[PDB]
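What follows is the content of input11.cif, which has mmCIF, C-alpha atoms and all ligand atoms:
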data_model
#
loop_
_atom_site.label_atom_id
_atom_site.label_comp_id
_atom_site.auth_asym_id
_atom_site.auth_seq_id
_atom_site.Cartn_x
_atom_site.Cartn_y
_atom_site.Cartn_z
CA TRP Q 5 -5.71 26.53 -4.51
CA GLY Q 6 -4.98 22.90 -3.59
CA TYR Q 7 -2.10 20.43 -3.15
CA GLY Q 8 -2.27 18.82 -6.60
CA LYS Q 9 0.09 19.20 -9.55
CA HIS Q 10 -1.73 22.08 -11.18
CA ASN Q 11 -2.65 23.97 -8.03
CA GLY Q 12 -0.18 22.92 -5.30
CA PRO Q 13 2.17 24.95 -3.08
CA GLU Q 14 4.45 26.15 -5.85
CA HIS Q 15 1.47 27.80 -7.55
CA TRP Q 16 0.13 29.73 -4.56
CA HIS Q 17 2.35 32.73 -5.14
CA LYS Q 18 0.40 33.73 -8.29
CA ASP Q 19 -2.79 34.49 -6.37
CA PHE Q 20 -0.87 35.08 -3.14
CA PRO Q 21 2.36 37.02 -3.47
CA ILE Q 22 3.17 36.86 0.27
CA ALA Q 23 4.09 33.20 -0.34
CA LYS Q 24 7.66 34.39 -1.03
CA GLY Q 25 7.56 36.60 2.04
CA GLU Q 26 10.20 37.18 4.67
CA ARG Q 27 8.51 35.25 7.48
CA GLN Q 28 6.90 32.26 5.79
CA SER Q 29 6.09 28.90 7.38
CA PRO Q 30 6.83 26.13 7.81
CA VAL Q 31 10.65 25.89 8.14
CA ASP Q 32 13.27 23.27 8.98
CA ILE Q 33 14.46 23.36 12.58
CA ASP Q 34 18.21 22.92 12.78
CA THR Q 35 18.78 21.80 16.35
CA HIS Q 36 22.45 22.69 16.69
CA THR Q 37 21.62 26.18 15.46
CA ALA Q 38 18.72 26.94 17.77
CA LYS Q 39 20.02 28.96 20.70
CA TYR Q 40 18.89 28.22 24.20
CA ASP Q 41 16.99 31.21 25.58
CA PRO Q 42 16.54 31.40 29.38
CA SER Q 43 14.49 34.59 29.43
CA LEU Q 44 11.73 32.49 27.87
CA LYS Q 45 9.01 31.77 30.47
CA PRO Q 46 7.50 28.28 30.69
CA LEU Q 47 4.56 27.52 28.38
CA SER Q 48 1.09 27.78 29.98
CA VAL Q 49 -1.61 25.76 28.20
CA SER Q 50 -4.97 26.32 29.94
CA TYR Q 51 -7.37 23.87 28.32
CA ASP Q 52 -9.57 22.63 31.14
CA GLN Q 53 -12.52 24.86 30.21
CA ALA Q 54 -12.29 24.18 26.46
CA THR Q 55 -15.60 23.88 24.59
CA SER Q 56 -15.40 21.98 21.25
CA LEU Q 57 -18.51 22.28 19.03
CA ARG Q 58 -17.99 21.02 15.44
CA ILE Q 59 -15.72 19.22 13.02
CA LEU Q 60 -15.66 20.21 9.35
CA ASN Q 61 -14.16 18.93 6.11
CA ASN Q 62 -13.24 22.14 4.31
CA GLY Q 63 -11.63 20.61 1.22
CA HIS Q 64 -8.08 20.84 2.48
CA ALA Q 65 -8.24 19.26 5.91
CA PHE Q 66 -10.70 18.81 8.79
CA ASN Q 67 -10.97 21.45 11.47
CA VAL Q 68 -12.18 20.84 15.02
CA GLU Q 69 -13.76 24.16 16.02
CA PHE Q 70 -14.12 25.59 19.54
CA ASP Q 71 -16.25 28.23 21.29
CA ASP Q 72 -13.89 31.23 21.32
CA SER Q 73 -16.41 33.81 22.53
CA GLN Q 74 -14.86 33.72 26.05
CA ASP Q 75 -11.48 33.13 27.69
CA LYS Q 76 -11.97 29.38 28.09
CA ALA Q 77 -9.05 27.57 26.50
CA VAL Q 78 -6.05 29.91 26.42
CA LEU Q 79 -2.34 29.87 25.73
CA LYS Q 80 0.02 32.31 27.52
CA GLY Q 81 3.64 32.65 28.60
CA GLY Q 82 6.49 31.15 26.60
CA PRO Q 83 7.52 33.90 24.15
CA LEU Q 84 3.98 35.28 24.26
CA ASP Q 85 2.67 38.54 25.60
CA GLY Q 86 -0.96 38.76 26.67
CA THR Q 87 -3.54 36.03 26.17
CA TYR Q 88 -4.36 33.76 23.19
CA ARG Q 89 -7.71 31.99 22.67
CA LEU Q 90 -8.00 28.55 21.00
CA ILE Q 91 -10.25 28.65 17.95
CA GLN Q 92 -9.60 25.37 16.14
CA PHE Q 93 -7.12 22.60 15.47
CA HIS Q 94 -6.35 20.50 12.41
CA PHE Q 95 -3.74 18.22 10.98
CA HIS Q 96 -1.48 17.87 8.00
CA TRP Q 97 -0.47 14.36 6.95
CA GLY Q 98 0.98 12.34 4.12
CA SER Q 99 0.11 9.59 1.72
CA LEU Q 100 2.92 7.50 3.37
CA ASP Q 101 4.43 7.30 6.84
CA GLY Q 102 7.70 8.90 5.71
CA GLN Q 103 6.19 12.28 4.99
CA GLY Q 104 3.32 14.48 6.09
CA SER Q 105 4.61 17.02 8.60
CA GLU Q 106 5.14 20.67 7.64
CA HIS Q 107 7.87 21.61 10.09
CA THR Q 108 10.93 19.36 9.97
CA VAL Q 109 13.69 18.68 12.49
CA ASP Q 110 17.24 18.35 11.13
CA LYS Q 111 15.46 17.55 7.82
CA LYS Q 112 13.51 14.72 9.35
CA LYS Q 113 9.89 14.41 8.31
CA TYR Q 114 7.22 13.05 10.65
CA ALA Q 115 4.06 11.23 9.48
CA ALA Q 116 1.85 14.15 10.46
CA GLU Q 117 1.69 17.47 12.37
CA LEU Q 118 -1.03 18.87 14.65
CA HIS Q 119 -1.81 22.61 14.66
CA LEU Q 120 -3.67 24.23 17.58
CA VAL Q 121 -4.51 27.78 16.40
CA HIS Q 122 -4.99 30.63 18.95
CA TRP Q 123 -5.77 34.35 18.35
CA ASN Q 124 -4.60 37.25 20.55
CA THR Q 125 -7.49 38.59 22.62
CA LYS Q 127 -6.28 42.14 22.44
CA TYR Q 128 -7.54 42.28 18.84
CA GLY Q 129 -11.09 41.19 19.64
CA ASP Q 130 -11.70 38.54 16.94
CA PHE Q 131 -9.82 36.17 14.62
CA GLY Q 132 -10.54 38.17 11.45
CA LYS Q 133 -8.77 41.20 12.92
CA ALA Q 134 -6.00 39.13 14.58
CA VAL Q 135 -4.76 37.65 11.28
CA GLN Q 136 -4.04 41.23 10.16
CA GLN Q 137 -1.49 41.64 12.98
CA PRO Q 138 2.16 40.51 13.44
CA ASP Q 139 1.44 38.95 16.85
CA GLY Q 140 -2.11 38.08 15.92
CA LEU Q 141 -1.84 34.31 16.36
CA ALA Q 142 0.02 31.67 18.34
CA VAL Q 143 0.01 28.18 16.86
CA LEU Q 144 1.01 25.07 18.83
CA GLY Q 145 2.67 22.52 16.54
CA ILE Q 146 3.03 18.91 17.61
CA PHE Q 147 4.58 16.15 15.54
CA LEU Q 148 2.97 12.74 15.06
CA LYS Q 149 5.02 9.55 14.66
CA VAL Q 150 3.56 6.09 13.91
CA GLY Q 151 3.96 3.64 16.82
CA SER Q 152 1.34 2.75 19.44
CA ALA Q 153 -2.03 4.50 19.22
CA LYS Q 154 -2.93 7.84 20.79
CA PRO Q 155 -5.99 7.23 23.00
CA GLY Q 156 -6.83 10.92 22.92
CA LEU Q 157 -7.17 10.87 19.11
CA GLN Q 158 -9.58 8.00 18.55
CA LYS Q 159 -12.75 10.02 18.98
CA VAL Q 160 -11.60 12.31 16.16
CA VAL Q 161 -10.69 9.36 13.95
CA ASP Q 162 -14.12 7.80 14.42
CA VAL Q 163 -16.08 10.72 13.00
CA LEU Q 164 -14.26 11.19 9.72
CA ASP Q 165 -16.63 8.83 7.92
CA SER Q 166 -19.49 11.30 8.45
CA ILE Q 167 -17.46 14.17 7.10
CA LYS Q 168 -15.81 12.38 4.18
CA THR Q 169 -16.30 15.05 1.49
CA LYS Q 170 -15.77 18.76 0.98
CA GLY Q 171 -18.35 20.85 2.83
CA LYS Q 172 -19.71 18.22 5.19
CA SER Q 173 -19.73 18.85 8.95
CA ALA Q 174 -20.84 17.18 12.18
CA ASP Q 175 -21.38 18.17 15.81
CA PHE Q 176 -18.22 17.61 17.87
CA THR Q 177 -18.71 18.72 21.46
CA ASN Q 178 -16.94 17.84 24.70
CA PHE Q 179 -13.63 17.00 23.06
CA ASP Q 180 -10.65 17.64 25.29
CA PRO Q 181 -7.53 18.72 23.39
CA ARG Q 182 -5.29 18.00 26.39
CA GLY Q 183 -5.28 14.32 25.40
CA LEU Q 184 -3.31 15.24 22.29
CA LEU Q 185 -0.32 16.75 24.22
CA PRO Q 186 3.06 15.06 24.86
CA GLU Q 187 4.66 14.79 28.29
CA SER Q 188 7.22 17.57 27.83
CA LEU Q 189 6.46 21.14 26.89
CA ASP Q 190 10.04 21.81 25.81
CA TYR Q 191 9.79 23.79 22.62
CA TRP Q 192 11.29 25.80 19.80
CA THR Q 193 9.81 29.12 18.72
CA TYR Q 194 10.16 31.52 15.80
CA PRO Q 195 8.01 34.21 14.09
CA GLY Q 196 6.10 32.94 11.03
CA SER Q 197 2.88 32.56 8.99
CA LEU Q 198 -0.19 30.55 8.13
CA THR Q 199 0.78 27.62 5.94
CA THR Q 200 -2.30 27.79 3.63
CA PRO Q 201 -3.61 30.70 1.52
CA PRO Q 202 -3.77 33.55 2.26
CA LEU Q 203 -0.45 32.79 4.02
CA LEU Q 204 -0.66 35.82 6.36
CA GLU Q 205 2.45 36.57 8.45
CA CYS Q 206 0.63 36.79 11.75
CA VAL Q 207 1.81 33.75 13.75
CA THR Q 208 4.11 33.12 16.69
CA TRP Q 209 5.10 29.51 16.19
CA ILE Q 210 5.61 27.22 19.19
CA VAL Q 211 6.79 23.74 18.14
CA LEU Q 212 7.13 21.01 20.77
CA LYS Q 213 10.28 18.93 20.82
CA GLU Q 214 8.54 15.73 21.97
CA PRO Q 215 6.31 14.02 19.38
CA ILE Q 216 3.13 12.14 20.08
CA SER Q 217 2.58 8.57 18.90
CA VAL Q 218 -0.40 7.49 16.84
CA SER Q 219 -1.16 4.10 15.29
CA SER Q 220 -0.86 3.10 11.65
CA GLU Q 221 -4.57 2.37 11.69
CA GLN Q 222 -5.25 5.85 13.03
CA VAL Q 223 -3.28 7.55 10.27
CA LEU Q 224 -4.87 5.40 7.62
CA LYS Q 225 -8.34 6.67 8.49
CA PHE Q 226 -7.07 10.21 7.88
CA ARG Q 227 -6.03 9.00 4.43
CA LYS Q 228 -9.59 7.89 3.67
CA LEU Q 229 -11.05 11.44 3.68
CA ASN Q 230 -11.88 13.26 0.42
CA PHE Q 231 -10.76 16.58 -1.08
CA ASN Q 232 -13.66 16.49 -3.51
CA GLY Q 233 -17.34 17.17 -2.95
CA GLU Q 234 -20.07 14.57 -2.83
CA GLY Q 235 -20.94 12.94 -6.15
CA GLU Q 236 -17.65 14.39 -7.43
CA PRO Q 237 -14.72 12.36 -8.78
CA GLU Q 238 -12.84 10.79 -5.86
CA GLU Q 239 -9.49 12.24 -4.86
CA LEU Q 240 -8.08 11.15 -1.49
CA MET Q 241 -7.13 13.80 1.11
CA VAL Q 242 -3.41 13.02 1.43
CA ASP Q 243 -0.22 15.09 1.31
CA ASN Q 244 -1.95 18.29 2.45
CA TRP Q 245 1.33 19.69 3.76
CA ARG Q 246 3.43 22.64 2.53
CA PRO Q 247 7.19 21.97 2.38
CA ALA Q 248 9.79 23.92 4.35
CA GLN Q 249 10.39 27.54 3.43
CA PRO Q 250 13.47 29.79 3.57
CA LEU Q 251 14.26 30.70 7.19
CA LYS Q 252 15.66 33.99 6.00
CA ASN Q 253 16.42 36.54 8.68
CA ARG Q 254 15.04 34.53 11.58
CA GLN Q 255 16.39 33.02 14.79
CA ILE Q 256 14.88 29.90 16.28
CA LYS Q 257 14.92 29.96 20.06
CA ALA Q 258 14.94 26.93 22.41
CA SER Q 259 13.33 26.71 25.86
CA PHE Q 260 15.62 23.84 26.99
CA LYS Q 261 19.42 23.36 27.45
CO CO Q 301 -1.96 24.05 9.77
#
Go through the file and emit its structure as structure tokens.
Amino acid sequence: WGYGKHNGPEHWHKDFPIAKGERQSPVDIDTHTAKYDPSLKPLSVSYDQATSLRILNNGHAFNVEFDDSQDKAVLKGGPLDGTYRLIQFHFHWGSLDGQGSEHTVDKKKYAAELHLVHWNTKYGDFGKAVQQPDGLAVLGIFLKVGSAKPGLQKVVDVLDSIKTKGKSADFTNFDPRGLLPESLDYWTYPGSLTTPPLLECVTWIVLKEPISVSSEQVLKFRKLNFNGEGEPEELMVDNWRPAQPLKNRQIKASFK
């Protein structure tokens, strides 16, 4: 699978039938339709003991991986029961500033979207978690182009070393708190992974407040490669799936 013309999102269903599932992601968030929910508890994002250890170009995107063998960086509260461990984060972005995000808001597309993936500790490991309906909690944060995001630069400045499919590089001591906006107001709905195998194991938590990154910052993302070394060059751009049928779901809001 890929994002190209012969192996893009509208092809995934052939190898992966759950693509036309009942709780697929991403979706469009219609703000006048999301109901404020007061029984939602405030989000709790406990990242001060986070341990980052590697970044990898996997042929689709780049993942920054964390030590999840302990309860270091964890998400709880909001619509969540129990405790969720951070395992990695990545981005989806476009070939132009006017597209790139996966979620949209009142049909508006942002230049990119950050995904912080967590797995429920009651299932012991990520492999087992993805087989469960509340197996994962993903934090989704929109990127708009404006002034730079200081917290992002150290990520940007390693991409050269991981330019092609399969390359990796040590990434320790990175603090994911520097990628968070001021507000934790959010929307939440039940959904899925947005790449194959598209498993319907995710509680989505999408922040209302975007972060701002610079045009230079986004253009370094656009220099990465989908291909392998010594392979024909194809830029890593437009690695986003478009919005899927909301179907029988309700999006809830934390804020009035
Ligand atoms: Co993602």
Residues near residue 202 (chain Q), cut-off 9 Å, only C-alpha atoms, skip fewer than 3 positions along chain, as an mmCIF file with C-alpha atoms, in the frame of the given file:
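And here is the file that came out, part.cif:
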data_model
loop_
_atom_site.group_PDB
_atom_site.id
_atom_site.type_symbol
_atom_site.label_atom_id
_atom_site.label_comp_id
_atom_site.auth_asym_id
_atom_site.auth_seq_id
_atom_site.Cartn_x
_atom_site.Cartn_y
_atom_site.Cartn_z
ATOM 1 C CA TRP Q 16 0.130 29.730 -4.560
ATOM 2 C CA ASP Q 19 -2.790 34.490 -6.370
ATOM 3 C CA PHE Q 20 -0.870 35.080 -3.140
ATOM 4 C CA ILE Q 22 3.170 36.860 0.270
ATOM 5 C CA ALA Q 23 4.090 33.200 -0.340
ATOM 6 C CA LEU Q 198 -0.190 30.550 8.130
ATOM 7 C CA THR Q 199 0.780 27.620 5.940
#
Nearby residues (only C-alpha atoms) at most 8 Å from residue 165 (chain Q), same-chain spacing under 3 positions excluded, as a PyMOL selection string
chain Q and resi 162+168+229
Nearest to ligand CO 301 (chain Q), restricted to all atoms listed in the file and choosing among Q:64, Q:45, Q:112, Q:252, comes out as Q:64
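You can rank Q:91, Q:211, Q:164, Q:100 by their closest distance to residue 145 (chain Q) using all atoms listed in the file, and at the top of that list sits Q:211.
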In Å, rounded to a single decimal, give me how far CA of residue 154 (chain Q) is from CA of residue 225 (chain Q).
13.5 Å
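One distance worth recording is that between CA of residue 242 (chain Q) and CA of residue 117 (chain Q), which is 12.9 Å.
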Give as a list in words the set of residues within 6 Å of the point (-2.0, 33.2, 19.6), where distances use the file's coordinates and only C-alpha atoms.
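Residues with an atom at most 6 Å from (-2.0, 33.2, 19.6): residues 88, 122, 123, 124, 141 and 142 of chain Q.
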Name each residue within 9 Å of ligand CO 301 (chain Q), counting all atoms listed in the file, as a short mmCIF file (atom, residue, chain, number, x, y, z; two decimals) with C-alpha atoms, keeping the file's coordinate frame.
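So part_12.cif came out as:
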data_model
loop_
_atom_site.label_atom_id
_atom_site.label_comp_id
_atom_site.auth_asym_id
_atom_site.auth_seq_id
_atom_site.Cartn_x
_atom_site.Cartn_y
_atom_site.Cartn_z
CA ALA Q 65 -8.24 19.26 5.91
CA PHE Q 93 -7.12 22.60 15.47
CA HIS Q 94 -6.35 20.50 12.41
CA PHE Q 95 -3.74 18.22 10.98
CA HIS Q 96 -1.48 17.87 8.00
CA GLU Q 106 5.14 20.67 7.64
CA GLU Q 117 1.69 17.47 12.37
CA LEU Q 118 -1.03 18.87 14.65
CA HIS Q 119 -1.81 22.61 14.66
CA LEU Q 120 -3.67 24.23 17.58
CA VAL Q 121 -4.51 27.78 16.40
CA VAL Q 143 0.01 28.18 16.86
CA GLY Q 145 2.67 22.52 16.54
CA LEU Q 198 -0.19 30.55 8.13
CA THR Q 199 0.78 27.62 5.94
CA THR Q 200 -2.30 27.79 3.63
CA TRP Q 245 1.33 19.69 3.76
#
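Nearest residue to residue 144 (chain Q), choosing from Q:173, Q:48, Q:222, Q:53 and counting only C-alpha atoms: Q:48.
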Min atom-atom distance to residue 139 (chain Q) from the set Q:40, Q:209, Q:51, Q:226, counting only C-alpha atoms, belongs to Q:209
So how many Å separate CA of residue 214 (chain Q) and CA of residue 105 (chain Q), to one decimal?
14.0 Å
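The shortest atom-to-atom distance to residue 178 (chain Q), with all atoms listed in the file taken into account, belongs to Q:57 out of Q:230, Q:239, Q:57, Q:76.
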Any idea what's packed within 6 Å of residue 170 (chain Q), counting all atoms listed in the file, ignoring anything in its chain fewer than 3 positions away? Could you give it as a count of residues only?
6
Once you count only C-alpha atoms, which residues end up no further than 9 Å from (9.4, 23.0, 8.5) in the file's frame, shown as a tab-separated table (two decimals) with C-alpha atoms, in the coordinates of the input?
chain	number	residue	atom	x	y	z
Q	29	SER	CA	6.09	28.90	7.38
Q	30	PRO	CA	6.83	26.13	7.81
Q	31	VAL	CA	10.65	25.89	8.14
Q	32	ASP	CA	13.27	23.27	8.98
Q	33	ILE	CA	14.46	23.36	12.58
Q	105	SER	CA	4.61	17.02	8.60
Q	106	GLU	CA	5.14	20.67	7.64
Q	107	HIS	CA	7.87	21.61	10.09
Q	108	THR	CA	10.93	19.36	9.97
Q	109	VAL	CA	13.69	18.68	12.49
Q	111	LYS	CA	15.46	17.55	7.82
Q	113	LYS	CA	9.89	14.41	8.31
Q	246	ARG	CA	3.43	22.64	2.53
Q	247	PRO	CA	7.19	21.97	2.38
Q	248	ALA	CA	9.79	23.92	4.35
Q	249	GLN	CA	10.39	27.54	3.43
From the options Q:205, Q:241, Q:74, Q:191, which residue's atoms come nearest to residue 99 (chain Q), counting only C-alpha atoms?
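Distance minimum relative to residue 99 (chain Q) lands on Q:241.
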Near-residue 26 (chain Q) list (8 Å; all atoms listed in the file; drop same-chain fewer than 2 positions) as a list in words:
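The residues satisfying every condition are residues 24, 28, 252 and 253 of chain Q.
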Just want the 10 Å neighbourhood of residue 221 (chain Q), counted on only C-alpha atoms, with same-chain residues fewer than 5 positions away dropped. Output as a PyMOL selection string.
chain Q and resi 150+152-153+161+226-227
